[PDB]
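1. Output the structure for:
(one chain, ligands or ions: 1)
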Amino acid sequence: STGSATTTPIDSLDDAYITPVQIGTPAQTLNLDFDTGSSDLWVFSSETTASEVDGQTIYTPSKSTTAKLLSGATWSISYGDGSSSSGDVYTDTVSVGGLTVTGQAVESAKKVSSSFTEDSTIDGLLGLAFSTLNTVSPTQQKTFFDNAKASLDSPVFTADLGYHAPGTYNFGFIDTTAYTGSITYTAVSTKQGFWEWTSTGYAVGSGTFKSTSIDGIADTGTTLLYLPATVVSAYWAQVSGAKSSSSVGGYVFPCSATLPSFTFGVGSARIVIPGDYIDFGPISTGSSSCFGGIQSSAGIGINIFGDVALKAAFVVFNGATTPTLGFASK
Ligand SMILES: CCCn1c2c(c(SC(C)C)nc1=O)CCC2
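-> Numbers count the residues shown, from 1 in each chain. Sharing the structure here:
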């Protein structure tokens, strides 16, 4: 089997991407944030505290003839941005782009933090990291991909995120029309539960490539590119007037600037992030100071190849017995 679904930016900045997911019988379609940095499939629901729902579409398990309470199971997750959610668990039929999993754990939110409430466009998350990170207790549950994998034509999924445009998540096949050149594959460590890999270096604009190992995670659920402070300083030093602002929480730059590209290494291959992809717009409406899309990972504890980086590539998440990651230009 295979599946193929379009993923759409939630706003004009590509702050996140939503993908429609069918849950239950008859189907209830919710728009979920596919997150290769976490491993829980959770949804706004008829159980979510009413004051914490503000425009999201909810899953109502009592209206699904295939929903079954997973007795005694609870979940609770905290994300890197400080947001959180928690609740109880159903199993139900879940389909993505024509690919169906029966008995998928659907984590129903009883509580969500303010950032989730305030984003009416995201109805929940669909985790695509390794199932060892799943938070369900006392019986840990599998991700949608892990449940689907054995049925897929090939044990892979791909992320093809658009810049200010829709893109695609495919399951079970590699669309050879979706990228240019060849896909370069690179080793993954699953020891932290992530799609963790080592980039071979970077360049800023037309500058020379610096060979240096940068260990980080391929994370579709993180907006920006978070790299070591040395690398980030080297980038922003090429932008007149750019500075790290403690009051804003990172690097900002004059909105009048033309940003340089940023290249990262995948083995001997190179992925080029155009400068425009690094512009996250005014810090507040009407401001001439703009948010940067490359930020320091110092204090996170891990480097994160978020959407800014991934959207410049066609990315293969290879769930073979020994997982690997592939990157191609597009
Ligand atoms: C409503 C503004 C949300 N926001 C956004 C960004 C940053 S980047 C900052 C951490 C350097 N900080 C924010 O607070 C990038 C685009 C949206």
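2. Flag every buried residue along the host helix or strand of residue 186.
-> Using DSSP states H and E, residue 186 maps to strand 184-187. Buried residues in strand 184-187, counting neighbours by 16 or more other CB atoms under 10 Å, are found at 184, 185, 186. For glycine as for every other residue, the C-beta is placed from the backbone atoms N, C-alpha and C.
3. ok now the following helix or strand past that strand, how far from the chain's centre?
-> Once strand 184-187 ends, the next helix or strand along the chain (criterion: DSSP H and E) is strand 196-204. Computed by CA atoms, centre = their mean, to the nearest Å, the chain-centroid distance of strand 196-204 equals 19 Å.
4. Could you list the buried residues of strand 196-204?
-> 196, 197, 198, 199, 200, 202, 203, 204.
5. about what we covered before: export the buried residues of strand 184-187 as a markdown table, with columns for distance to the ligand.
-> Shown next, in a markdown table, are the buried residues of strand 184-187 (distance: CB to the nearest ligand atom, whole Å):
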| residue | distance to the ligand |
| --- | --- |
| 184 | 29 |
| 185 | 31 |
| 186 | 28 |
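6. May I see these arranged in CSV, with distance to residue 84 as well?
-> Output for the buried residues of strand 184-187, formatted as CSV (distance: CB to CB, whole Å):
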residue, distance to residue 84
184, 36
185, 35
186, 32
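7. what does the stretch 151-300 of the chain put close to the ligand?
-> Residues of the stretch 151-300 of the chain lying close to the ligand by CB under 6 Å from any ligand atom are 248, 249, 250, 280, 291, 295.
8. which of those lies closest to the ligand?
-> Closest to the ligand out of those is residue 250 (2.9 Å), distances taken as CB to the nearest ligand atom.
9. thinking again about what came up before, just give the strands next to the strand holding residue 186 in its sheet, each with its orientation.
-> Take DSSP bridges as the rule and strand 184-187 pairs in its sheet with strand 324-328 (antiparallel).
10. ranges for the helices of the chain?
-> Here the chain has its helices, by DSSP state H, at 114-117, 144-148, 229-236, 307-310.
11. Would you write a ChimeraX line that selects the buried entries of the residues of the stretch 151-300 of the chain next to the ligand?
-> Listed next is the ChimeraX selection for buried residues among those, using 16+ other CB under 10 Å:
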select :250,280,291,295
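12. Buried residues, stretch 111-124. List them.
-> For stretch 111-124, the neighbour count (16+ other CB under 10 Å) marks 112, 113, 116, 117, 119, 121, 122, 123, 124 as buried.
13. quick one: the closest residue to residue 32 other than its chain neighbours from residue 290, how far?
-> Excluding the flanking residues, the one nearest residue 32 by CB to CB, 6 or more residues apart in numbering is residue 126, at 4.4 Å. Between residue 126 and residue 290 the distance is 31 Å, computed by CB to CB, to the nearest Å.
14. which of those two has more neighbours?
-> When neighbours are counted by other CB atoms under 10 Å, residue 126 comes out ahead of the other of residue 126 and residue 290, with 28 against 21.
15. Show the contacting residues for the more buried one.
-> When contacts are counted by CB atoms under 8 Å, 6 or more residues apart in numbering, residue 126 touches 19, 21, 32, 33, 34, 35, 41, 96, 144.
16. Of the residues you listed, just say which sits nearest to the ligand.
-> Using CB to the nearest ligand atom, the contacts of residue 126 come closest to the ligand at residue 33, 14.9 Å.
17. and the closest one, how many neighbours does it have?
-> Residues lying near residue 33 (other CB under 10 Å) number 22.
18. Most neighbours of all the contacts of residue 126, which one?
-> residue 41 (29 neighbours).
19. Is that residue bridged to anything, and to what?
-> Applying DSSP bridges to residue 41, the residues it is bridged with are residue 126.
20. and it, what does it touch?
-> Counting by CB under 8 Å, 6+ apart, residue 41 touches 32, 94, 104, 105, 106, 107, 124, 125, 126, 127, 143, 144.
21. Can you verify my assumption that the fifth one contacts residue 93?
-> Put plainly, it is residue 106. No: the pair residue 106 / residue 93 is not scored as a contact, 9.3 Å apart, by CB atoms under 8 Å.
22. what residues do those two have in common as contacts?
-> Residues touching both residue 106 and residue 93 by CB under 8 Å, 6+ apart: residue 23.
23. and these two? which has more neighbours close in?
-> Counting neighbours by other CB under 10 Å for residue 106 and for residue 93 shows that residue 106 has the greater number, 29 against 19.
24. How about the contacts made by the spatially closest residue to residue 73 that is not a sequence neighbour?
-> Nearest residue to residue 73, sequence neighbours excluded (CB to CB, 6+ apart): residue 89, at 3.9 Å. Taking CB under 8 Å, 6+ apart, we find residue 89 in contact with 69, 70, 73, 74, 75, 105, 106, 107, 108, 136, 141.
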